[PDB]
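A.B. asks: Before I ask anything, let me first share the structure, which is written out below as structure tokens.
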Amino acid sequence: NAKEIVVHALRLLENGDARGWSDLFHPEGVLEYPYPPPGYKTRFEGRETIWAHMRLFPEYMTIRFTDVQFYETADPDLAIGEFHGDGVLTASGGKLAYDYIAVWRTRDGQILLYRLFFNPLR
Ligand SMILES: C[C@]12CC[C@H](O)C[C@H]1CC[C@@H]1[C@@H]2C[C@@H](O)[C@]2(C)[C@@H](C3=CC(=O)OC3)CC[C@]12O
């Protein structure tokens, strides 16, 4: 189910496995930053592109997430949840913090939609 897939993914990212995380997306699957920070795209259509975006992730930062607080949905293939992320820039130093809310949509064990809200000012 979606909640299962989401936790899996977040774990993969915590482990720095960006290809894995990427791989969890349906080929024509989409990543979105509804409130994108400046200098970044806001939609990433297709696994290849999502991968291209996330490729560099582990090189600049390492993240650790709080446990997702999901809200109960009807559809088991839709998950809506809030969670926090703390990052440490490989620079290094740089502690970086995020408070998310996301709408995940899955099918046959793959991620179709990853809509990740966060504060672009912050
Ligand atoms: C917007 C962001 C800001 C920090 C850094 O400059 C990289 C950019 C692009 C990549 C972006 C970070 C913030 C982070 O919170 C992210 C949203 C983070 C993610 C968490 C998640 O569940 O999906 C992606 C990993 C990296 C991230 O995807």
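Ligands are numbered from 1 in the order shown, chains are lettered A, B, ... in the order of the structure tokens, and residues start at 1 in each chain.
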Going by DSSP on the backbone, which bits of range 28-116 of chain A are helix (DSSP H, G or I)? Write them as a PyMOL selection string, please.
C.D. replies: chain A and resi 47-54+57-60
A.B. asks: How about saving the chosen residues, N, CA and C atoms kept, as a compact mmCIF listing (two decimals), in the first residue's frame?
C.D. replies:
# COMPACT_ATOMS: atom_id res chain seq x y z
N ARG A 47 10.69 9.08 -14.51
CA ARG A 47 11.72 8.57 -13.62
C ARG A 47 13.09 9.14 -13.98
N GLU A 48 13.44 9.09 -15.25
CA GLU A 48 14.78 9.49 -15.69
C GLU A 48 15.10 10.89 -15.22
N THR A 49 14.12 11.76 -15.34
CA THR A 49 14.30 13.15 -14.95
C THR A 49 14.38 13.29 -13.43
N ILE A 50 13.48 12.62 -12.72
CA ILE A 50 13.47 12.62 -11.27
C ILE A 50 14.83 12.14 -10.76
N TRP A 51 15.32 11.06 -11.37
CA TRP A 51 16.64 10.55 -11.05
C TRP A 51 17.71 11.62 -11.27
N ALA A 52 17.65 12.29 -12.42
CA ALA A 52 18.63 13.31 -12.80
C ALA A 52 18.69 14.38 -11.76
N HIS A 53 17.52 14.73 -11.25
CA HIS A 53 17.40 15.72 -10.20
C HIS A 53 18.01 15.21 -8.89
N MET A 54 17.60 14.02 -8.47
CA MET A 54 18.06 13.45 -7.20
C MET A 54 19.46 12.86 -7.21
N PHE A 57 21.92 14.41 -4.91
CA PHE A 57 21.51 14.56 -3.50
C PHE A 57 22.58 14.17 -2.46
N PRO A 58 22.97 12.88 -2.43
CA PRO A 58 23.91 12.45 -1.41
C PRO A 58 25.27 13.12 -1.44
N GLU A 59 25.61 13.74 -2.55
CA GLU A 59 26.88 14.44 -2.65
C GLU A 59 26.89 15.75 -1.82
N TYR A 60 25.75 16.42 -1.68
CA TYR A 60 25.73 17.70 -0.95
C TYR A 60 25.13 17.60 0.45
A.B. asks: Which neighbours of residue 79 in chain A fall inside 7 Å, counting only C-alpha atoms, when residues of the same chain fewer than 2 positions from it are skipped, and could you give them as a PyMOL selection string?
C.D. replies: chain A and resi 2-3+70+73+77+81+103-105
A.B. asks: Selection from above, C-alpha atoms, as an mmCIF file, in the first residue's frame, can you write it?
C.D. replies:
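again02.cif written:
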data_model
loop_
_atom_site.group_PDB
_atom_site.id
_atom_site.type_symbol
_atom_site.label_atom_id
_atom_site.label_comp_id
_atom_site.auth_asym_id
_atom_site.auth_seq_id
_atom_site.Cartn_x
_atom_site.Cartn_y
_atom_site.Cartn_z
ATOM 1 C CA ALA A 2 0.900 3.656 -0.334
ATOM 2 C CA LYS A 3 1.810 4.294 3.313
ATOM 3 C CA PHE A 70 -0.258 9.945 7.929
ATOM 4 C CA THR A 73 -7.607 8.031 3.583
ATOM 5 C CA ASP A 77 -3.204 3.887 -3.086
ATOM 6 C CA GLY A 81 0.924 12.845 5.584
ATOM 7 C CA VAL A 103 0.247 13.881 -1.254
ATOM 8 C CA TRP A 104 1.482 10.483 -2.475
ATOM 9 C CA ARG A 105 -0.327 8.480 -5.151
#
A.B. asks: Near residue 119 in chain A, within 8 Å and counting only C-alpha atoms, which residues show up once chain neighbours fewer than 4 positions away are dropped, as a ChimeraX atom specification?
C.D. replies: /A:35,37,98-99
A.B. asks: Write the selection just made, keeping N, CA and C atoms, as a PDB file, in the first residue's frame?
C.D. replies:
ATOM      1  N   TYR A  35       5.391  24.531  -3.882  1.00  0.00           N
ATOM      2  CA  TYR A  35       5.997  25.793  -3.484  1.00  0.00           C
ATOM      3  C   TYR A  35       7.487  25.598  -3.686  1.00  0.00           C
ATOM      4  N   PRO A  37      11.425  26.381  -4.171  1.00  0.00           N
ATOM      5  CA  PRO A  37      12.323  27.467  -3.842  1.00  0.00           C
ATOM      6  C   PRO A  37      12.837  28.026  -5.135  1.00  0.00           C
ATOM      7  N   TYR A  98      13.337  21.011   7.592  1.00  0.00           N
ATOM      8  CA  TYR A  98      12.149  21.029   6.740  1.00  0.00           C
ATOM      9  C   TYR A  98      10.949  20.469   7.477  1.00  0.00           C
ATOM     10  N   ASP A  99       9.811  21.112   7.261  1.00  0.00           N
ATOM     11  CA  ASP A  99       8.529  20.617   7.747  1.00  0.00           C
ATOM     12  C   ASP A  99       7.596  20.388   6.559  1.00  0.00           C
TER      13      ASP A  99
END
A.B. asks: What residues of the protein or nucleic acid chains come within 9 Å of ligand 1 when you use only C-alpha atoms and all ligand atoms? Reply as a VMD selection string.
C.D. replies: chain A and resid 6 9 to 10 13 21 31 33 36 to 38 40 53 to 54 56 to 58 60 to 63 65 83 to 87 89 96 to 100 102 114 to 118 120
A.B. asks: Could you write those residues out with N, CA, C and O atoms, as a short mmCIF file (atom, residue, chain, number, x, y, z; two decimals), in the first residue's frame?
C.D. replies:
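Here's the written file selection33.cif:
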data_model
loop_
_atom_site.label_atom_id
_atom_site.label_comp_id
_atom_site.auth_asym_id
_atom_site.auth_seq_id
_atom_site.Cartn_x
_atom_site.Cartn_y
_atom_site.Cartn_z
N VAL A 6 5.66 4.71 0.93
CA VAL A 6 6.20 6.01 1.33
C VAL A 6 7.30 5.83 2.36
O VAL A 6 8.38 6.39 2.20
N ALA A 9 10.40 4.48 0.93
CA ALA A 9 11.12 5.50 0.15
C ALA A 9 11.93 6.42 1.04
O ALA A 9 13.15 6.56 0.88
N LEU A 10 11.26 7.01 2.03
CA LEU A 10 11.91 7.91 2.95
C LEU A 10 13.16 7.22 3.55
O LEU A 10 14.23 7.85 3.67
N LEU A 13 15.99 7.16 1.16
CA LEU A 13 16.59 8.48 1.09
C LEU A 13 17.46 8.69 2.31
O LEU A 13 18.51 9.32 2.20
N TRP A 21 15.40 5.21 -4.49
CA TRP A 21 14.25 6.10 -4.33
C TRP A 21 13.68 6.40 -5.69
O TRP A 21 12.49 6.22 -5.93
N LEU A 31 7.32 13.96 -9.70
CA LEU A 31 7.70 14.64 -8.47
C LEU A 31 7.36 16.11 -8.61
O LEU A 31 7.65 16.69 -9.65
N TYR A 33 7.27 20.08 -6.52
CA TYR A 33 7.42 21.02 -5.44
C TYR A 33 6.43 22.17 -5.63
O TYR A 33 6.77 23.20 -6.19
N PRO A 36 7.98 25.76 -4.93
CA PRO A 36 9.40 25.51 -5.17
C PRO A 36 10.24 26.68 -4.70
O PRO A 36 9.81 27.83 -4.78
N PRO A 37 11.42 26.38 -4.17
CA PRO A 37 12.32 27.47 -3.84
C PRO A 37 12.84 28.03 -5.14
O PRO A 37 12.79 27.34 -6.16
N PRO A 38 13.35 29.26 -5.11
CA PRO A 38 13.81 29.92 -6.33
C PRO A 38 15.08 29.28 -6.88
O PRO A 38 15.94 28.83 -6.12
N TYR A 40 14.86 26.50 -8.72
CA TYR A 40 14.56 25.08 -8.92
C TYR A 40 13.28 24.90 -9.69
O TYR A 40 12.36 25.69 -9.55
N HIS A 53 17.52 14.73 -11.25
CA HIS A 53 17.40 15.72 -10.20
C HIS A 53 18.01 15.21 -8.89
O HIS A 53 18.89 15.85 -8.32
N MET A 54 17.60 14.02 -8.47
CA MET A 54 18.06 13.45 -7.20
C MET A 54 19.46 12.86 -7.21
O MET A 54 20.07 12.71 -6.15
N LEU A 56 22.32 13.99 -7.54
CA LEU A 56 23.35 14.73 -6.82
C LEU A 56 23.12 14.79 -5.33
O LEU A 56 24.00 15.19 -4.57
N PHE A 57 21.92 14.41 -4.91
CA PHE A 57 21.51 14.56 -3.50
C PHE A 57 22.58 14.17 -2.46
O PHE A 57 23.05 15.03 -1.71
N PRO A 58 22.97 12.88 -2.43
CA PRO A 58 23.91 12.45 -1.41
C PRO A 58 25.27 13.12 -1.44
O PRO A 58 25.98 13.12 -0.44
N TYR A 60 25.75 16.42 -1.68
CA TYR A 60 25.73 17.70 -0.95
C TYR A 60 25.13 17.60 0.45
O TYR A 60 25.44 18.43 1.30
N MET A 61 24.30 16.59 0.71
CA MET A 61 23.58 16.52 1.98
C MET A 61 23.23 15.11 2.41
O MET A 61 23.18 14.18 1.61
N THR A 62 22.99 14.98 3.71
CA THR A 62 22.51 13.75 4.31
C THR A 62 21.31 14.14 5.19
O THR A 62 21.37 15.11 5.93
N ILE A 63 20.19 13.43 5.05
CA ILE A 63 18.95 13.79 5.74
C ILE A 63 18.53 12.66 6.67
O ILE A 63 18.84 11.48 6.42
N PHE A 65 14.77 11.75 8.72
CA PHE A 65 13.35 12.12 8.87
C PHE A 65 12.69 11.62 10.13
O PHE A 65 12.96 10.52 10.60
N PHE A 83 5.46 15.30 7.86
CA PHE A 83 6.67 14.88 8.55
C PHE A 83 7.75 15.94 8.49
O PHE A 83 7.66 16.88 7.68
N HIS A 84 8.78 15.76 9.32
CA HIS A 84 9.87 16.70 9.40
C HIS A 84 11.14 16.06 8.85
O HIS A 84 11.29 14.84 8.87
N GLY A 85 12.06 16.89 8.36
CA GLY A 85 13.36 16.42 7.92
C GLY A 85 14.44 17.30 8.47
O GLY A 85 14.29 18.53 8.54
N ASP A 86 15.53 16.69 8.91
CA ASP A 86 16.72 17.44 9.32
C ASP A 86 17.86 16.98 8.42
O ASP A 86 18.03 15.78 8.17
N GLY A 87 18.61 17.95 7.92
CA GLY A 87 19.71 17.66 7.03
C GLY A 87 20.98 18.27 7.54
O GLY A 87 20.96 19.26 8.28
N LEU A 89 24.44 19.45 5.66
CA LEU A 89 25.13 19.66 4.36
C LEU A 89 26.57 19.13 4.43
O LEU A 89 27.30 19.41 5.39
N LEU A 96 20.17 21.85 8.20
CA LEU A 96 19.03 22.37 7.40
C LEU A 96 17.73 21.64 7.77
O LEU A 96 17.72 20.41 7.88
N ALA A 97 16.66 22.40 7.98
CA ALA A 97 15.41 21.82 8.52
C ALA A 97 14.19 22.02 7.64
O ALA A 97 14.00 23.09 7.07
N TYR A 98 13.34 21.01 7.59
CA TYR A 98 12.15 21.03 6.74
C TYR A 98 10.95 20.47 7.48
O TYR A 98 11.06 19.49 8.24
N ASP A 99 9.81 21.11 7.26
CA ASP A 99 8.53 20.62 7.75
C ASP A 99 7.60 20.39 6.56
O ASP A 99 7.07 21.34 5.97
N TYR A 100 7.40 19.12 6.23
CA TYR A 100 6.69 18.73 5.02
C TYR A 100 5.20 18.43 5.24
O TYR A 100 4.73 18.24 6.38
N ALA A 102 2.71 16.14 2.31
CA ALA A 102 2.79 15.56 0.98
C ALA A 102 1.55 14.76 0.60
O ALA A 102 0.87 14.19 1.47
N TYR A 114 4.40 12.28 -6.28
CA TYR A 114 5.10 12.65 -5.08
C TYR A 114 5.03 14.18 -4.97
O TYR A 114 5.88 14.90 -5.50
N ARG A 115 4.01 14.68 -4.29
CA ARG A 115 3.77 16.10 -4.19
C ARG A 115 4.22 16.56 -2.83
O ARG A 115 3.54 16.31 -1.84
N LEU A 116 5.37 17.24 -2.78
CA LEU A 116 6.03 17.55 -1.52
C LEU A 116 6.00 19.03 -1.20
O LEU A 116 6.72 19.82 -1.83
N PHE A 117 5.17 19.41 -0.23
CA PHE A 117 5.11 20.81 0.17
C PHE A 117 6.13 21.14 1.25
O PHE A 117 6.29 20.39 2.22
N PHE A 118 6.80 22.27 1.09
CA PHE A 118 7.66 22.76 2.12
C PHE A 118 7.79 24.27 1.98
O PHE A 118 7.31 24.85 1.02
N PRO A 120 9.52 27.36 1.05
CA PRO A 120 10.64 27.83 0.27
C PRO A 120 11.40 29.02 0.88
O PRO A 120 12.60 29.16 0.63
#
A.B. asks: Run DSSP on the backbone and give me the residues of chain A it puts in strand (DSSP E), as a VMD selection string.
C.D. replies: chain A and resid 25 to 32 43 to 45 61 to 65 69 to 71 78 to 89 95 to 107 110 to 117
A.B. asks: For CA of residue 46 in chain A and CA of residue 122 in chain A, quote the distance in Å rounded to one decimal.
C.D. replies: 27.6 Å
A.B. asks: Need to verify the contact set: residue 25 in chain A, 8 Å, only C-alpha atoms, exclusion of same-chain residues closer than 6 positions in sequence. Can you return it as a VMD selection string?
C.D. replies: chain A and resid 47 110 to 112
A.B. asks: Would you save the residues of that selection, restricted to N, CA and C atoms, as an mmCIF file, in the first residue's frame?
C.D. replies:
data_model
loop_
_atom_site.group_PDB
_atom_site.id
_atom_site.type_symbol
_atom_site.label_atom_id
_atom_site.label_comp_id
_atom_site.auth_asym_id
_atom_site.auth_seq_id
_atom_site.Cartn_x
_atom_site.Cartn_y
_atom_site.Cartn_z
ATOM 1 N N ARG A 47 10.690 9.081 -14.508
ATOM 2 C CA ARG A 47 11.715 8.572 -13.621
ATOM 3 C C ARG A 47 13.087 9.139 -13.975
ATOM 4 N N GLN A 110 4.362 0.954 -7.302
ATOM 5 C CA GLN A 110 5.192 2.067 -7.753
ATOM 6 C C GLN A 110 4.542 3.426 -7.457
ATOM 7 N N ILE A 111 5.377 4.458 -7.395
ATOM 8 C CA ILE A 111 4.936 5.817 -7.047
ATOM 9 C C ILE A 111 4.572 6.568 -8.334
ATOM 10 N N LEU A 112 3.309 6.960 -8.455
ATOM 11 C CA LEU A 112 2.859 7.818 -9.562
ATOM 12 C C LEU A 112 3.032 9.303 -9.266
#
A.B. asks: In Å, rounded to a single decimal, give me how far CA of residue 16 in chain A is from CA of residue 30 in chain A.
C.D. replies: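 CA of residue 16 in chain A lies 20.0 Å from CA of residue 30 in chain A.
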A.B. asks: Which residues, written as an MDAnalysis selection string, have at least one atom at most 9 Å from residue 55 in chain A, with only C-alpha atoms counted and residues fewer than 6 positions away on the same chain left out?
C.D. replies: chainID A and resid 18:19 22
A.B. asks: Store the residues picked out above, limited to C-alpha atoms, as a PDB file, in the first residue's frame.
C.D. replies:
ATOM      1  CA  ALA A  18      18.797   8.056  -4.477  1.00  0.00           C
ATOM      2  CA  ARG A  19      18.715   5.594  -7.416  1.00  0.00           C
ATOM      3  CA  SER A  22      14.136   7.086  -7.990  1.00  0.00           C
TER       4      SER A  22
END
A.B. asks: In Å, how far is it from CA of residue 8 in chain A to CA of residue 44 in chain A?
C.D. replies: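 A separation of 20.4 Å between them.
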A.B. asks: Considering only C-alpha atoms, can you say which of A:24, A:74, A:108, A:94 comes closest to residue 11 in chain A?
C.D. replies: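 The closest residue to residue 11 in chain A is A:24.
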A.B. asks: Of the candidates A:78, A:41, A:95, A:71, which shows the shortest atom-to-atom distance to residue 113 in chain A, using only C-alpha atoms?
C.D. replies: A:78
A.B. asks: Looking at A:32, A:27, A:101, A:88, which one is nearest to residue 64 in chain A, with distances taken over only C-alpha atoms?
C.D. replies: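 Checking each of A:32, A:27, A:101, A:88 against residue 64 in chain A, counting only C-alpha atoms, the winner is A:88.
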A.B. asks: Taking into account only C-alpha atoms, which residue in the set A:67, A:14, A:23, A:82 is nearest to residue 109 in chain A?
C.D. replies: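 Nearest to residue 109 in chain A: A:23.
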